[PDB]
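Okay, structure first, notes after.
Naming convention: chains lettered A, B, ... in sequence-line order (proteins, then strands); numbering from 1 in each chain. Reckoned from all heavy atoms, side chains included, excluding hydrogens, waters and symmetry mates.
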Amino acid sequence: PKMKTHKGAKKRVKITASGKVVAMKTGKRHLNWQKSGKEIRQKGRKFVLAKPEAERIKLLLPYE
Amino acid sequence: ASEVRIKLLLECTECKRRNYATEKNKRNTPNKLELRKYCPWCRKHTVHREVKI
RNA sequence: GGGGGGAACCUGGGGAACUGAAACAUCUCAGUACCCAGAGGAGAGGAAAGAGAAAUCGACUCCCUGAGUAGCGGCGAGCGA
RNA sequence: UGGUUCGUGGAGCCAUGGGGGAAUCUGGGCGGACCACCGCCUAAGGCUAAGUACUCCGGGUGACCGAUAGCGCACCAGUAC
RNA sequence: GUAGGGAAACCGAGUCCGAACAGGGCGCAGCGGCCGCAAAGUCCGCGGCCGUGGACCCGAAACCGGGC
RNA sequence: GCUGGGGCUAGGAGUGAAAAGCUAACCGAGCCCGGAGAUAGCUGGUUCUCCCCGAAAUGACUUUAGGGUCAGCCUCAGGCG
RNA sequence: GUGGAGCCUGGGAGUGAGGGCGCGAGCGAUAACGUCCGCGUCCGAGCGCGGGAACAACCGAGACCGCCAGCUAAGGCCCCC
RNA sequence: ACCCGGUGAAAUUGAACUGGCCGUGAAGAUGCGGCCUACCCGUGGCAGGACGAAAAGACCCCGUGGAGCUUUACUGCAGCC
RNA sequence: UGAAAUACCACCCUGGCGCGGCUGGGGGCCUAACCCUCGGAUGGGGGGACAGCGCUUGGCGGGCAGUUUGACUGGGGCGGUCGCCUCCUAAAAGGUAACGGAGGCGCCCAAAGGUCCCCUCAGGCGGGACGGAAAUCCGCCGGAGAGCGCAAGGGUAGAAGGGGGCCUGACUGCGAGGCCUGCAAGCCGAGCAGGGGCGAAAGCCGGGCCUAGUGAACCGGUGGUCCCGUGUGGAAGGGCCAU
Ligand SMILES: [Mg+2]
Ligand SMILES: [Mg+2]
Ligand SMILES: [Mg+2]
Ligand SMILES: [Mg+2]
Ligand SMILES: [Mg+2]
Ligand SMILES: [Mg+2]
Ligand SMILES: [Mg+2]
Ligand SMILES: [Mg+2]
Ligand SMILES: [Mg+2]
Ligand SMILES: [Mg+2]
Ligand SMILES: [Mg+2]
Ligand SMILES: [Mg+2]
Ligand SMILES: [Mg+2]
Ligand SMILES: [Mg+2]
Ligand SMILES: [Mg+2]
Ligand SMILES: [Mg+2]
Ligand SMILES: [Mg+2]
Ligand SMILES: [Mg+2]
Ligand SMILES: [Mg+2]
Ligand SMILES: [Mg+2]
Ligand SMILES: [Mg+2]
Ligand SMILES: [Mg+2]
Ligand SMILES: [Mg+2]
Ligand SMILES: [Mg+2]
Ligand SMILES: [Mg+2]
Ligand SMILES: [Mg+2]
Ligand SMILES: [Mg+2]
Ligand SMILES: [Mg+2]
Ligand SMILES: [Mg+2]
Ligand SMILES: [Mg+2]
Ligand SMILES: [Mg+2]
Ligand SMILES: [Mg+2]
Ligand SMILES: [Mg+2]
Ligand SMILES: [Mg+2]
Ligand SMILES: [Mg+2]
Ligand SMILES: [Mg+2]
Ligand SMILES: [Mg+2]
Ligand SMILES: [Mg+2]
Ligand SMILES: [Mg+2]
Ligand SMILES: [Mg+2]
Ligand SMILES: [Mg+2]
Ligand SMILES: [Mg+2]
Ligand SMILES: [Mg+2]
Ligand SMILES: [Mg+2]
Ligand SMILES: [Mg+2]
Ligand SMILES: [Mg+2]
Ligand SMILES: [Mg+2]
Ligand SMILES: [Mg+2]
Ligand SMILES: [Mg+2]
Ligand SMILES: [Mg+2]
Ligand SMILES: [Mg+2]
Ligand SMILES: [Mg+2]
Ligand SMILES: [Mg+2]
Ligand SMILES: [Mg+2]
Ligand SMILES: [Mg+2]
Ligand SMILES: [Mg+2]
Ligand SMILES: [Mg+2]
Ligand SMILES: [Mg+2]
Ligand SMILES: [Mg+2]
Ligand SMILES: [Mg+2]
Ligand SMILES: [Mg+2]
Ligand SMILES: [Mg+2]
Ligand SMILES: [Mg+2]
Ligand SMILES: [Mg+2]
Ligand SMILES: [Mg+2]
Ligand SMILES: [Mg+2]
Ligand SMILES: [Mg+2]
Ligand SMILES: [Mg+2]
Ligand SMILES: [Mg+2]
Ligand SMILES: [Mg+2]
Ligand SMILES: [Mg+2]
Ligand SMILES: [Mg+2]
Ligand SMILES: [Mg+2]
Ligand SMILES: [Mg+2]
Ligand SMILES: [Mg+2]
Ligand SMILES: [Mg+2]
Ligand SMILES: [Mg+2]
Ligand SMILES: [Mg+2]
Ligand SMILES: [Mg+2]
Ligand SMILES: [Mg+2]
Ligand SMILES: [Mg+2]
Ligand SMILES: [Mg+2]
Ligand SMILES: [Mg+2]
Ligand SMILES: [Mg+2]
Ligand SMILES: [Mg+2]
Ligand SMILES: [Mg+2]
Ligand SMILES: [Mg+2]
Ligand SMILES: [Mg+2]
Ligand SMILES: [Mg+2]
Ligand SMILES: [Mg+2]
Ligand SMILES: [Mg+2]
Ligand SMILES: [Mg+2]
Ligand SMILES: [Mg+2]
Ligand SMILES: [Mg+2]
Ligand SMILES: [Mg+2]
Ligand SMILES: [Mg+2]
Ligand SMILES: [Mg+2]
Ligand SMILES: [Mg+2]
Ligand SMILES: [Mg+2]
Ligand SMILES: [Mg+2]
Ligand SMILES: [Mg+2]
Ligand SMILES: [Mg+2]
Ligand SMILES: [Mg+2]
Ligand SMILES: [Mg+2]
Ligand SMILES: [Mg+2]
Ligand SMILES: [Mg+2]
Ligand SMILES: [Mg+2]
Ligand SMILES: [Mg+2]
Ligand SMILES: [Mg+2]
Ligand SMILES: [Mg+2]
Ligand SMILES: [Mg+2]
Ligand SMILES: [Mg+2]
Ligand SMILES: [Mg+2]
Ligand SMILES: [Mg+2]
Ligand SMILES: [Mg+2]
Ligand SMILES: [Mg+2]
Ligand SMILES: [Mg+2]
Ligand SMILES: [Mg+2]
Ligand SMILES: [Mg+2]
Ligand SMILES: [Mg+2]
Ligand SMILES: [Mg+2]
Ligand SMILES: [Mg+2]
Ligand SMILES: [Mg+2]
Ligand SMILES: [Mg+2]
Ligand SMILES: [Mg+2]
Ligand SMILES: [Mg+2]
Ligand SMILES: [Mg+2]
Ligand SMILES: [Mg+2]
Ligand SMILES: [Mg+2]
Ligand SMILES: [Mg+2]
Ligand SMILES: [Mg+2]
Ligand SMILES: [Mg+2]
Ligand SMILES: [Mg+2]
Ligand SMILES: [Mg+2]
Ligand SMILES: [Mg+2]
Ligand SMILES: [Mg+2]
Ligand SMILES: [Mg+2]
Ligand SMILES: [Mg+2]
Ligand SMILES: [Mg+2]
Ligand SMILES: [Mg+2]
Ligand SMILES: [Mg+2]
Ligand SMILES: [Mg+2]
Ligand SMILES: [Mg+2]
Ligand SMILES: [Mg+2]
Ligand SMILES: [Mg+2]
Ligand SMILES: [Mg+2]
Ligand SMILES: [Mg+2]
Ligand SMILES: [Mg+2]
Ligand SMILES: [Mg+2]
Ligand SMILES: [Mg+2]
Ligand SMILES: [Mg+2]
Ligand SMILES: [Mg+2]
Ligand SMILES: [Mg+2]
Ligand SMILES: [Mg+2]
Ligand SMILES: [Mg+2]
Ligand SMILES: [Mg+2]
Ligand SMILES: [Mg+2]
Ligand SMILES: [Mg+2]
Ligand SMILES: [Mg+2]
Ligand SMILES: [Mg+2]
Ligand SMILES: [Mg+2]
Ligand SMILES: [Mg+2]
Ligand SMILES: [Mg+2]
Ligand SMILES: [Mg+2]
Ligand SMILES: [Mg+2]
Ligand SMILES: [Mg+2]
Ligand SMILES: [Mg+2]
Ligand SMILES: [Mg+2]
Ligand SMILES: [Mg+2]
Ligand SMILES: [Mg+2]
Ligand SMILES: [Mg+2]
Ligand SMILES: [Mg+2]
Ligand SMILES: [Mg+2]
Ligand SMILES: [Mg+2]
Ligand SMILES: [Mg+2]
Ligand SMILES: [Mg+2]
Ligand SMILES: [Mg+2]
Ligand SMILES: [Mg+2]
Ligand SMILES: [Mg+2]
Ligand SMILES: [Mg+2]
Ligand SMILES: [Mg+2]
Ligand SMILES: [Mg+2]
Ligand SMILES: [Mg+2]
Ligand SMILES: [Mg+2]
Ligand SMILES: [Mg+2]
Ligand SMILES: [Mg+2]
Ligand SMILES: [Mg+2]
Ligand SMILES: [Mg+2]
Ligand SMILES: [Mg+2]
Ligand SMILES: [Mg+2]
Ligand SMILES: [Mg+2]
Ligand SMILES: [Mg+2]
Ligand SMILES: [Mg+2]
Ligand SMILES: [Mg+2]
Ligand SMILES: [Mg+2]
Ligand SMILES: [Mg+2]
Ligand SMILES: [Mg+2]
Ligand SMILES: [Mg+2]
Ligand SMILES: [Mg+2]
Ligand SMILES: [Mg+2]
Ligand SMILES: [Mg+2]
Ligand SMILES: [Mg+2]
Ligand SMILES: [Mg+2]
Ligand SMILES: [Mg+2]
Ligand SMILES: [Mg+2]
Ligand SMILES: [Mg+2]
Ligand SMILES: [Mg+2]
Ligand SMILES: [Mg+2]
Ligand SMILES: [Mg+2]
Ligand SMILES: [Mg+2]
Ligand SMILES: [Mg+2]
Ligand SMILES: [Mg+2]
Ligand SMILES: [Mg+2]
Ligand SMILES: [Mg+2]
Ligand SMILES: [Mg+2]
Ligand SMILES: [Mg+2]
Ligand SMILES: [Mg+2]
Ligand SMILES: [Mg+2]
Ligand SMILES: [Mg+2]
Ligand SMILES: [Mg+2]
Ligand SMILES: [Mg+2]
Ligand SMILES: [Mg+2]
Ligand SMILES: [Mg+2]
Ligand SMILES: [Mg+2]
Ligand SMILES: [Mg+2]
Ligand SMILES: [Mg+2]
Ligand SMILES: [Mg+2]
Ligand SMILES: [Mg+2]
Ligand SMILES: [Mg+2]
Ligand SMILES: [Mg+2]
Ligand SMILES: [Mg+2]
Ligand SMILES: [Mg+2]
Ligand SMILES: [Mg+2]
Ligand SMILES: [Mg+2]
Ligand SMILES: [Mg+2]
Ligand SMILES: [Mg+2]
Ligand SMILES: [Mg+2]
Ligand SMILES: [Zn+2]
């Protein structure tokens, strides 16, 4: 039958207008007290997934 | 961090929002830390006081 | 008047496990397999104490679509209006 | 407790095994906890063709098989064993 | 498919973070002489491969249900 | 004590002077059919011809170590030059 | 330096049990057809060809086909030859 | 048992035109090298070899395989309070 | 006369007692539900509102059920080990293995952090009450053998070492360009803006001489934000920022 959308990917990730895959940076969920302001701030941004992993994730997003 | 060396928040004394997280040795520095830090809501420097985490 | 029978099909009463989660228990397989009661040439359902925002529609059943959407999910595998 | 996409979730709706237990339109249920406003609808009685499902049966047709194939069986087969 | 950006309200060739008109992330722009030709995209055929199904074929020991 | 005839108790159940013995010639859980094409990261097997190119047995991570994901290395199409 | 060189994008992989040898180390016993890395090589996939008596990886050499033609390589020229 | 008349199986079986030694070879060679021995074909016998036959090793390990059993493993259920 | 002042009647307190309403525990008894029994049964006898049984609460519970019970490994088990830092092995770039050789980390510091100013060690010889191998003092020599919180290495006095003053940059919003690299991470970072610290200034400051001192998601807590709010206004509950 028809492919189902993966909802783990759907809640973590977005396909950009040109087909990149953008996720939130990792490692500021907790244990932040001794992390420099440089660490929290740059972790507050989105990053572009490396091409191997991105193409895998978009295949999980068949109807985006 | 240990039991003696705690994590703590810094609260802007004026608008009351916590802006910073740091640590102290509450056996070496048993008093509440008071530190002038930049507050981004007041957008000026203000005394910050240690507040439980 | 009933009883018993009928290839599947139907409704109700009960209802697994392997399997999948690359272990496993919630979850899945699945209300499936199976057992049982009953129906009939079909059975069910059906004429709003409905839907849900359309200032609206207007019983039920069935197909397409809405839509793998909304959501649900050891927010896992997956499930899914 | 079940049903629903809803696995306790802010968890309503529908159903109900237990306990408590009303009212009759100035009555009641619902619109996803709850409350107000606003609107929808009339529970606790029953029936109701057609569209839908299936293929023991009959017929029509195959870029279906052609006796190790096609039904297990083209033949005295659910037989001999 | 023709618009993206943002958790979202929302704004929109931009938008988000931000106090910023700062910086940055993710975005925005055919060929020949009105015609042709090419093209975004989309539809159908074909083919490789992937997902869901037993999914290349044969093989367990076992588990479960109902009967004998 | 042995034995004929007539009976009763069965599958997580019987029966057992106890050996996990026996329950229709293999019982640490009978047989038949069904779930079912269970699952098997394992072993085996995998069918005409010609032409071109042509590996790897490493790294990282892995309840991972004879299995995987990504990278490395092969090949084809388009492009660059 | 125009090469089955390189680079960019995308399709299809397979491989992730290696093994001998040379040299450089660790482990072992200045043991092992031992073990573990590094550089290289060949076998793997060249168990096709000459030599080494025979013999994957030592020497010679990369087999498109055909010839009762010639030159060489390693190795050989007393006879088997 | 053997011979004659009658009837007449079997597992196994890649094909076989199936010798010894010393070597070599995946490390135990009828099958490769060197040497040696050897006319063709049967019958009764013996069991050293064909790593002889039989049984996809029970030991051992490996599989995120199974099953029986245990318990102050986990988590449920019956039963009891 | 005090804070309030008196005869008199309310309404309500305090705490106590009695008749009660209506219940909550105990206790005794009754019979008729319910159970057992009785030639006799619309009854008699015994038990008795208990027991049984329905719903629900918590507990005990291998009697049964579903399962789990790691890997590396000179076979497996047993032992050892598993992430991170330092050195060597490592073949003079980088990287490189073994159950090869040796050590450390799972912290710490409110100064041990920023900046300005000043200062310079260990050690040896000689000299000096208590005073020694070594306490403190004076002289001479003494490039770093000391020190830098803790392993080791690198680095270092032309300071990163010692002392003092003022401080909180142990910033907020970002971030050109790189190191490293399978991914995900990890690392360094000038520069611009805000508001500051020190300095006359040039400037420095986004913790610490440096390399260990650590943990992706999911689920949830807490502060803030005021973005979503299931017809509407709120609310429930989420999202975002911080932890
Ligand atoms: Mg998810
Ligand atoms: Mg994060
Ligand atoms: Mg986390
Ligand atoms: Mg957070
Ligand atoms: Mg949080
Ligand atoms: Mg730090
Ligand atoms: Mg910081
Ligand atoms: Mg901070
Ligand atoms: Mg921020
Ligand atoms: Mg769509
Ligand atoms: Mg779209
Ligand atoms: Mg009947
Ligand atoms: Mg009938
Ligand atoms: Mg049913
Ligand atoms: Mg019934
Ligand atoms: Mg049912
Ligand atoms: Mg049923
Ligand atoms: Mg059952
Ligand atoms: Mg299951
Ligand atoms: Mg299955
Ligand atoms: Mg699956
Ligand atoms: Mg399945
Ligand atoms: Mg499983
Ligand atoms: Mg599995
Ligand atoms: Mg298992
Ligand atoms: Mg399961
Ligand atoms: Mg189900
Ligand atoms: Mg069926
Ligand atoms: Mg019937
Ligand atoms: Mg009909
Ligand atoms: Mg009807
Ligand atoms: Mg009516
Ligand atoms: Mg649509
Ligand atoms: Mg379901
Ligand atoms: Mg539908
Ligand atoms: Mg209820
Ligand atoms: Mg439910
Ligand atoms: Mg529910
Ligand atoms: Mg929820
Ligand atoms: Mg619900
Ligand atoms: Mg309501
Ligand atoms: Mg009820
Ligand atoms: Mg109800
Ligand atoms: Mg009314
Ligand atoms: Mg009312
Ligand atoms: Mg109702
Ligand atoms: Mg409603
Ligand atoms: Mg109303
Ligand atoms: Mg209504
Ligand atoms: Mg009806
Ligand atoms: Mg009609
Ligand atoms: Mg009808
Ligand atoms: Mg009909
Ligand atoms: Mg029909
Ligand atoms: Mg027919
Ligand atoms: Mg024909
Ligand atoms: Mg025939
Ligand atoms: Mg036939
Ligand atoms: Mg024929
Ligand atoms: Mg027939
Ligand atoms: Mg016959
Ligand atoms: Mg969006
Ligand atoms: Mg921009
Ligand atoms: Mg086209
Ligand atoms: Mg593919
Ligand atoms: Mg199958
Ligand atoms: Mg299938
Ligand atoms: Mg198949
Ligand atoms: Mg397939
Ligand atoms: Mg069996
Ligand atoms: Mg099972
Ligand atoms: Mg089982
Ligand atoms: Mg069982
Ligand atoms: Mg049965
Ligand atoms: Mg007798
Ligand atoms: Mg007898
Ligand atoms: Mg008998
Ligand atoms: Mg008998
Ligand atoms: Mg029996
Ligand atoms: Mg018995
Ligand atoms: Mg039986
Ligand atoms: Mg059984
Ligand atoms: Mg059974
Ligand atoms: Mg048992
Ligand atoms: Mg006996
Ligand atoms: Mg039998
Ligand atoms: Mg038997
Ligand atoms: Mg069993
Ligand atoms: Mg069983
Ligand atoms: Mg038997
Ligand atoms: Mg059956
Ligand atoms: Mg099945
Ligand atoms: Mg099978
Ligand atoms: Mg299995
Ligand atoms: Mg080639
Ligand atoms: Mg490897
Ligand atoms: Mg990894
Ligand atoms: Mg691991
Ligand atoms: Mg590993
Ligand atoms: Mg495996
Ligand atoms: Mg790959
Ligand atoms: Mg290449
Ligand atoms: Mg190439
Ligand atoms: Mg090309
Ligand atoms: Mg070229
Ligand atoms: Mg090439
Ligand atoms: Mg490629
Ligand atoms: Mg292909
Ligand atoms: Mg291809
Ligand atoms: Mg492989
Ligand atoms: Mg692969
Ligand atoms: Mg491997
Ligand atoms: Mg390997
Ligand atoms: Mg190997
Ligand atoms: Mg190896
Ligand atoms: Mg190797
Ligand atoms: Mg190699
Ligand atoms: Mg070697
Ligand atoms: Mg040499
Ligand atoms: Mg060597
Ligand atoms: Mg040497
Ligand atoms: Mg070495
Ligand atoms: Mg070796
Ligand atoms: Mg050697
Ligand atoms: Mg060696
Ligand atoms: Mg090699
Ligand atoms: Mg191979
Ligand atoms: Mg060669
Ligand atoms: Mg080659
Ligand atoms: Mg060869
Ligand atoms: Mg070969
Ligand atoms: Mg050769
Ligand atoms: Mg040769
Ligand atoms: Mg020769
Ligand atoms: Mg050779
Ligand atoms: Mg060899
Ligand atoms: Mg060769
Ligand atoms: Mg060639
Ligand atoms: Mg010549
Ligand atoms: Mg020569
Ligand atoms: Mg010679
Ligand atoms: Mg000659
Ligand atoms: Mg004779
Ligand atoms: Mg004879
Ligand atoms: Mg022959
Ligand atoms: Mg012969
Ligand atoms: Mg040899
Ligand atoms: Mg030999
Ligand atoms: Mg011979
Ligand atoms: Mg020969
Ligand atoms: Mg030969
Ligand atoms: Mg020979
Ligand atoms: Mg020979
Ligand atoms: Mg010969
Ligand atoms: Mg001889
Ligand atoms: Mg003979
Ligand atoms: Mg013999
Ligand atoms: Mg014999
Ligand atoms: Mg023998
Ligand atoms: Mg032999
Ligand atoms: Mg033998
Ligand atoms: Mg054999
Ligand atoms: Mg046997
Ligand atoms: Mg087998
Ligand atoms: Mg075997
Ligand atoms: Mg075996
Ligand atoms: Mg066997
Ligand atoms: Mg065993
Ligand atoms: Mg073993
Ligand atoms: Mg095992
Ligand atoms: Mg495991
Ligand atoms: Mg495994
Ligand atoms: Mg298992
Ligand atoms: Mg088991
Ligand atoms: Mg069992
Ligand atoms: Mg008892
Ligand atoms: Mg009494
Ligand atoms: Mg009585
Ligand atoms: Mg009495
Ligand atoms: Mg009494
Ligand atoms: Mg009671
Ligand atoms: Mg209760
Ligand atoms: Mg209970
Ligand atoms: Mg237990
Ligand atoms: Mg058990
Ligand atoms: Mg299971
Ligand atoms: Mg486990
Ligand atoms: Mg485990
Ligand atoms: Mg293992
Ligand atoms: Mg192991
Ligand atoms: Mg191993
Ligand atoms: Mg080893
Ligand atoms: Mg060994
Ligand atoms: Mg070994
Ligand atoms: Mg060992
Ligand atoms: Mg152990
Ligand atoms: Mg470690
Ligand atoms: Mg080195
Ligand atoms: Mg190195
Ligand atoms: Mg090096
Ligand atoms: Mg080197
Ligand atoms: Mg590098
Ligand atoms: Mg070890
Ligand atoms: Mg240690
Ligand atoms: Mg100080
Ligand atoms: Mg310092
Ligand atoms: Mg001195
Ligand atoms: Mg002195
Ligand atoms: Mg002295
Ligand atoms: Mg003295
Ligand atoms: Mg030093
Ligand atoms: Mg230390
Ligand atoms: Mg200072
Ligand atoms: Mg000041
Ligand atoms: Mg960057
Ligand atoms: Mg990276
Ligand atoms: Mg790090
Ligand atoms: Mg870190
Ligand atoms: Mg500034
Ligand atoms: Mg300034
Ligand atoms: Mg300034
Ligand atoms: Mg000043
Ligand atoms: Mg800076
Ligand atoms: Mg420091
Ligand atoms: Mg540090
Ligand atoms: Mg999870
Ligand atoms: Mg949360
Ligand atoms: Mg909030
Ligand atoms: Mg609302
Ligand atoms: Mg709002
Ligand atoms: Mg509502
Ligand atoms: Mg209001
Ligand atoms: Mg509002
Ligand atoms: Mg409010
Ligand atoms: Mg809120
Ligand atoms: Mg905002
Ligand atoms: Mg945060
Ligand atoms: Zn403030």
Counting only Watson-Crick or G-U wobble geometry with both distances under 3.5 Å, does [M] pair with [N]?
| N | M | result |
| --- | --- | --- |
| I/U156 | I/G147 | yes |
| D/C30 | D/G39 | yes |
| H/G76 | I/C64 | yes |
| H/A16 | H/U30 | yes |
| D/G9 | I/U181 | no |

Step-by-step side-chain contact (heavy atoms from CB on, under 4.5 Å) determination, A/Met24 to A/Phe47: CA-CA 6 Å; A/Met24 297 307 300; A/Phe47 70 113; 5.8 Å; no

Given the rule that a pair is Watson-Crick or G-U wobble with both distances under 3.5 Å, how would you write RNA chain E in dot-bracket, using | for pairs to a different strand? ...((....))..((((.....))))....((..))...................||.|...||||||

Would you mind checking if [Y] and [X] are paired as a salt bridge, meaning a charged N to carboxylate O distance below 4.0 Å?
| X | Y | answer |
| --- | --- | --- |
| B/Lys7 | B/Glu23 | no |
| B/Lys26 | B/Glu3 | yes |
| B/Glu14 | B/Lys44 | yes |

OP1 or OP2 of [N] sitting under 4.0 Å from any side-chain N/O of [X]?
| X | N | result |
| --- | --- | --- |
| B/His45 | I/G169 | yes |
| A/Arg12 | C/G76 | yes |
| B/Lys37 | I/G169 | yes |
| A/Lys2 | C/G80 | no |
| A/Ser18 | E/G27 | yes |
| A/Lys20 | E/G25 | no |
| A/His6 | C/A77 | yes |
| A/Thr26 | I/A217 | no |
| A/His30 | I/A216 | yes |

Identify whether any heavy atom of [X] sits under 4.0 Å from a base atom; if not, whether one sits that close to sugar-phosphate; answer base, sugar-phosphate or nothing.
| X | answer |
| --- | --- |
| A/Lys43 | sugar-phosphate |
| A/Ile40 | sugar-phosphate |
| A/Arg56 | sugar-phosphate |
| B/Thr22 | base |
| B/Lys52 | nothing |

N/O donor-acceptor pair under 3.5 Å between A/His6 side chain and A/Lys4 backbone: no

Quick check against the 3.5 Å criterion: does A/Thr5 have a side-chain atom that pairs as donor or acceptor with the backbone of A/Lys7? no

Show the nearest heavy-atom pair for residues [X] and [Y], with the distance to one decimal.
| X | Y | result |
| --- | --- | --- |
| B/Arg5 | B/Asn25 | NH1-CB, 3.1 Å |
| B/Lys24 | B/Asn31 | NZ-O, 2.9 Å |
| A/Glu53 | A/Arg56 | OE1-NH1, 3.1 Å |

Any strand counts, and the cut-off is 3.5 Å on both contacts for Watson-Crick or G-U wobble. Which nucleotide pairs with [N]?
| N | value |
| --- | --- |
| I/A193 | I/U172 |
| H/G44 | none |
| I/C29 | none |
| I/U243 | I/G221 |
| I/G203 | I/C198 |
| H/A10 | none |

Whole-angstrom distance between [N] and [M], as gauged at atom [atom1]:
| N | M | atom1 | answer |
| --- | --- | --- | --- |
| I/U168 | I/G196 | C1' | 10 Å |
| I/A90 | I/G123 | P | 40 Å |
| D/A49 | C/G40 | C1' | 15 Å |

Chi angles and distances behind the salt bridge (charged side-chain N to carboxylate O under 4.0 Å, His left out) call for B/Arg49, B/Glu34: CA-CA 5 Å; B/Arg49 179 164 309 269; B/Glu34 324 198 24; 2.7 Å; yes

May I ask you to say whether [N] and [M] are base-stacked, judged by six-membered ring centres under 5.5 Å apart and ring planes under 30 degrees?
| N | M | result |
| --- | --- | --- |
| D/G60 | D/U61 | yes |
| H/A67 | H/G68 | yes |
| E/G47 | E/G48 | yes |
| G/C47 | G/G48 | no |
| I/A112 | I/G113 | no |

North or south: which describes the sugar of C/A67, going by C1'-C2'-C3'-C4'? south

Considering just the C1'-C2'-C3'-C4' torsion, please state whether I/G208 has a north or south sugar. south

Base-pair map of RNA chain C as dot-bracket, where | denotes pairing with a different strand and pairs are Watson-Crick or G-U under 3.5 Å: ........((((((.....(...[..)......))))).).........((....)).............((.]...))..

Donor/acceptor link under 3.5 angstrom from [X] side chain onto base of [N]:
| X | N | answer |
| --- | --- | --- |
| A/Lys10 | C/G68 | no |
| A/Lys11 | C/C75 | yes |
| A/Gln42 | I/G175 | yes |
| A/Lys7 | C/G71 | yes |

Glycosidic torsion of C/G3 (syn if within 90° of 0, anti otherwise) classifies it as syn

